[PDB]
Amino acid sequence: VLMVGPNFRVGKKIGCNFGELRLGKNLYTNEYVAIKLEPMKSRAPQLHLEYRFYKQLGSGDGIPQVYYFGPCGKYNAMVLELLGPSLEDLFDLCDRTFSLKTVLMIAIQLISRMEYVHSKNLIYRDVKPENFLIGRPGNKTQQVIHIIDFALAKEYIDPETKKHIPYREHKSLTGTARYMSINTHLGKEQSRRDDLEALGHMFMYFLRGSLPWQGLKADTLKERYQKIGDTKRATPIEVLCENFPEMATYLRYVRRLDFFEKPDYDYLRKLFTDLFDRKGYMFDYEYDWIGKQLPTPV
């Protein structure tokens, strides 16, 4: 089908997706957009719930604008702001290490981004470099690290009672193993702490080039998650974060948060801004990838 909604032309498949993602164009405004498609026959629908989480988030810094949700042939479609490459794309472009300055510019932003999500009574639960995208130059947000992919989010404040969700265990594992928190591996209900811990793992991935549990395989997914969690538990923070004392402090702090506890986001930002200033860095958005040829759908 040629169109989604009144005004969005459906274009080519984009990204490296299987038809899940297309370029689109708002014919009414002469603007490109991203079109996410999900078959109506899906045995595990996620797109409509994702749209509802975007409505709960509302308009925010580093959150893509969402323009439409509705049918498109035999698909449900969500039309959203077209962003730039992901941090994983950019990491590859930068030979799979980022400088401390780039990691800190990312980290300072992403602590705030997670604070925003948490302020809207949601936990994110899908931290990975693929889900953080820079903007496009055309919208003056190419410097801003955005967060996408809210299909795995959850409301952590129950809306009627206004109580934090209860602690429980035996939660099935499905996420991304590489970044997930130790408590996620143990089958615990995720909470605010776990989003911040997964961010810490991702920051160390960027700094080191890899994480020491990244290569582990097993005959079953469950066994693989187990081995990865075992390695996370067996790798001292002082070792993982050798040469990055503030990252060690960050990770120890988030690992030690209680399930119900509100993180001190101010404290975590200050760890990193104090470090940033002490190193003489200037917060000028000159990330490692500036000056390189970025992948673009057009």
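The numbering used is simple: start at 1 and walk along the sequence shown. So that the term is clear: the rigid core is the largest set of C-alpha atoms that superpose within 1.5 Å between two forms.
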**Request:** Figure out for me whether 177-185 or 135-143 is the more displaced stretch in 5 other deposited structures of this protein, taking RMS C-alpha distance from the shown form once the rigid core is superposed.
**Result:** 135-143
**RMS CA shift, core-fitted in 5 other deposited structures of this protein, bigger for 118-126 or for 157-165** = 157-165
**Item:** Unresolved deposited residues lying between neighbours residue 16 and residue 17
**Value:** 1 to 3
**Fill in**
Per the PDB entry, mean CA B-factor is higher for 103-111 or 171-179, namely for 171-179
**Average Cα temperature factor in the PDB entry - higher stretch of 210-218, 77-85** = 210-218
**Fill in**
Based on the PDB entry, the highest CA temperature factor among the options 41, 255, 269, 233 is that of 41
**Request:** From the list 27, 247, 49, 34, select the residue with the highest C-alpha B factor recorded in the entry.
**Result:** 49
**Chain third (lowest, middle, highest) by recorded CA B-factor, residue given as residue 92** = middle
**Request:** Quick one: classify residue 188 as lowest, middle or highest third of the chain based on its Cα B-factor.
**Result:** middle
**Message:** Test of reading the entry: by CA B factor among the chain's modelled residues, which third contains residue 45?
**Reply:** highest
**Prompt:** Ranked by Cα temperature factor within the chain, is residue 131 in the lowest third, the middle third or the highest third?
**Reply:** lowest
**Request:** Ordered by C-alpha B-factor within the chain, which third holds residue 140? Give me lowest, middle or highest, please.
**Result:** highest
